[PDB]
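# Give the three-dimensional model of this entry:
(chains A and B, ligands or ions: 1)
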Amino acid sequence: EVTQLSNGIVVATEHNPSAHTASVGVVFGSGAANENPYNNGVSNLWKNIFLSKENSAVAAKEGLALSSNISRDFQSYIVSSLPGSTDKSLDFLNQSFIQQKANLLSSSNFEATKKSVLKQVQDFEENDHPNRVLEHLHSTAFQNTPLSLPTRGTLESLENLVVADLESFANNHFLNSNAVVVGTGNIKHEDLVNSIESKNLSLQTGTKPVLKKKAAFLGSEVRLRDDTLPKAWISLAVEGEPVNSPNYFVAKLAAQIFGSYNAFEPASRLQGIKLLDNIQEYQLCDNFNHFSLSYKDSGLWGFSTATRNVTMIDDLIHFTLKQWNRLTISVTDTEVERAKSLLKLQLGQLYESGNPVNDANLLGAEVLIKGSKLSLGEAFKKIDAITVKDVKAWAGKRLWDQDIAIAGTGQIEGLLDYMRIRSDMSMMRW
Amino acid sequence: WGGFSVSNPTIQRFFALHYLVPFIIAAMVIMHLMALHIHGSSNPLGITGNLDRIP
Ligand code: HEM
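Residues are numbered from 1 along each chain as shown, chains lettered A, B, ... in the order given. Below is the structure in question.
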């Protein structure tokens, strides 16, 4: 059961007696979308300061494990431990992250962390193609709007930061009205609330800055061509649904219909996905996957693919977009029936895995928007209630003759112009 | 001329030729576009055009 109390800070807890671990954490409603192009990467630097050697050493001496996660809409700082020592994690979180920040922002520590983060971002930008392609897709989809800033930070901006930027961001965003205290695993809600009440655990006053511009989607493309690479990596997307939309689960199911494909695994060549019937003959791709990502203001629905067949890219894109076209007009009931159970198993593993850190992140990110956490059972009935008419109604609105965003790198010379791709979003025979 | 001057034998064979030659030009244009396809069109800058192509 999920129990949430608004006394003090918003305290959420999900109790699981079977687990042998307990996680206690703080989730902030600010993310990479709350920063600007001149201090971009301040959140990643804060994360790596919390994860620095001295802080991690003092934590691990007591027997605790530290996790930090940076995203568009939230920042997560989690302390995981054994069930008997769940009170010690609160003490470490109070003493280190909240009460005092002078020790963590010393000159030498800041310089070392800055040099390590610069090295990491430099390695990412050159030797991680499928993920940086998705980052550029975000950066070109939401350009000149908060949601397009990369979460790690750019190489040029990360140099200009000083400790003053970090402390300014901490003053502006680490607030009581922006925070949720989350408890996961083998702990009780009453015990957690009592433990918080015994201490003060006050973060700050409130009134975080309000953004003047809301995120917007622009049809656009960016091409980063490099002929010294062996493949071509391509990510393509349209505007999707945000969190708290009525069509959220319909979006995830429509994504699940096409699924993912790996050419080298024997089993995934026999899937009921009809798209493979066009792909398999000439080995058009090595792998693809479909995504329905949702944020607070907007979302992305699309796919990502990698291939060595540098002379047949347009055929791959054409067949994929013709499979997308089929959703509006001629989706069949068996497709939806398979999609329901595939999605239920897909959602089942996500929310019911052994690791409590994923549960903590999900619960903290959920209560910061909805105000409450949807149960597993009520999720299934909405999934089971989906019909063919709903899928057709959603697809006729979100992907029929709509603008797209594209991002590719590698031997993308075979990738045709924008308009030729944009015309594939309709059939013209219907 | 088909004779000693321009008379009936001349015009009557000038027309039957006039109907034939356009079918020869149409065949030479096919051979004309075959030699255009091996290397492609040129550009006003007079330099290589293999760096920036559109369909
Ligand atoms: C019915 C007659 C003809 C047709 C349909 C025709 C058609 C074409 C076409 C479509 C091209 C490629 C597009 C272009 O360069 O603008 C071309 C190129 C060319 N044609 Fe013709 N052509 C004809 C007659 C001629 C004649 C009479 C000459 C020369 C006396 C000629 C010389 C050329 C040359 C040099 C090019 C290459 C131009 C370039 O690539 O920059 N063509 N022709």
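# list the helices and strands whichever helix or strand residue A:180 is part of packs on?
If you go by DSSP states H and E, residue A:180 is part of strand A:179-185. Using 3 or more C-beta pairs under 8 Å, 6 or more residues apart in numbering or on different chains; DSSP states H and E as the contact definition, the elements that strand A:179-185 packs against are strand A:10-15, strand A:22-28, helix A:189-198, helix A:356-367. In this view, the C-beta of every residue, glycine as well, is placed from N, C-alpha and C.
# 7 Å instead?
strand A:10-15, strand A:22-28, helix A:356-367 (3 or more C-beta pairs under 7 Å, 6 or more residues apart in numbering or on different chains; DSSP states H and E).
# What is the burial count for the residue of the stretch 251-400 of chain A at minimum distance from chain B?
Distances between the stretch 251-400 of chain A and chain B by C-beta to the nearest C-beta are smallest at residue A:314, namely 9.4 Å. Neighbour count of residue A:314, defined by other C-beta atoms under 10 Å in any protein chain shown: 15.
# on that earlier part again, in its sheet, which strands sit next to the strand holding residue A:180, and in what direction?
Partners of strand A:179-185 in the sheet, by DSSP bridges, are strand A:10-15 (parallel), strand A:22-28 (antiparallel).
# Redo these as a markdown table? Include mean neighbour count.
Listed next are those as a markdown table, based on neighbours: other C-beta atoms under 10 Å in any protein chain shown:
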| stretch | mean neighbour count |
| --- | --- |
| strand A:10-15 | 21 |
| strand A:22-28 | 25 |
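# Tell me which of those approaches the ligand most closely.
Closest to the ligand of those, according to C-beta to the nearest ligand atom: strand A:22-28, at 61.9 Å.
# how far off strand A:22-28 does whichever helix or strand comes after the closest one point, in degrees?
As assigned by DSSP H and E, the chain's next helix or strand after strand A:22-28 is helix A:42-50. Orientation check (axes from the mean of the first three to the mean of the last three C-alpha atoms, to 10 degrees): helix A:42-50 against strand A:22-28 gives 150 degrees.
# which residues sit in contact with the residue of the stretch 251-400 of chain A closest to chain B?
Residues near residue A:314 by C-beta atoms under 7 Å, 6 or more residues apart in numbering or on different chains: A:414, A:416.
# returning to that earlier point: okay, the strands paired with strand A:179-185 in TSV with distance to the ligand next?
Putting the strands paired with strand A:179-185 into TSV (distance: least, C-beta to the nearest ligand atom, whole Å) gives the following:
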stretch	distance to the ligand
strand A:10-15	69
strand A:22-28	62
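# circling back: check the offset of the strand holding residue A:180 from the chain's centre.
Remark: strand A:179-185 is offset 19 Å from the chain centroid, using C-alpha atoms, centre = their mean, to the nearest Å.
# Likewise for stretch A:34-50?
Taking mean C-alpha positions (C-alpha atoms, centre = their mean), stretch A:34-50 and its chain are 17 Å apart.
# Now the strands paired with strand A:179-185 in CSV, please, with extra columns for distance to residue A:102.
Output for those, formatted as CSV (distance: least, C-beta to C-beta, whole Å):
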stretch, distance to residue A:102
strand A:10-15, 28
strand A:22-28, 20
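# about what we covered before: CSV for the helices and strands packed on strand A:179-185, including distance to residue A:176?
Below are the helices and strands packed on strand A:179-185 laid out as CSV (distance: least, C-beta to C-beta, whole Å):
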stretch, distance to residue A:176
strand A:10-15, 9
strand A:22-28, 11
helix A:356-367, 15
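# out of these, nearest to residue A:346?
Of all these, it is helix A:356-367 that lies closest to residue A:346, at 14.1 Å by C-beta to C-beta.
# just the CA coordinates of whichever helix or strand comes after the closest one, formatted as CSV?
Downstream of helix A:356-367, the first helix or strand assigned by DSSP H and E is helix A:376-385. The C-alpha trace of helix A:376-385 is given here as CSV (Å, rounded to 0.1, in the frame of the first residue of the first chain):
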residue,chain,number,x,y,z
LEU,A,376,-1.0,-1.6,-9.7
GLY,A,377,-4.6,-3.0,-9.8
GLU,A,378,-6.3,0.1,-11.0
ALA,A,379,-3.6,0.4,-13.7
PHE,A,380,-4.6,-2.9,-15.2
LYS,A,381,-8.3,-2.1,-15.6
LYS,A,382,-7.6,1.0,-17.6
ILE,A,383,-5.2,-1.1,-19.7
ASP,A,384,-7.9,-3.8,-20.1
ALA,A,385,-10.6,-1.1,-21.0
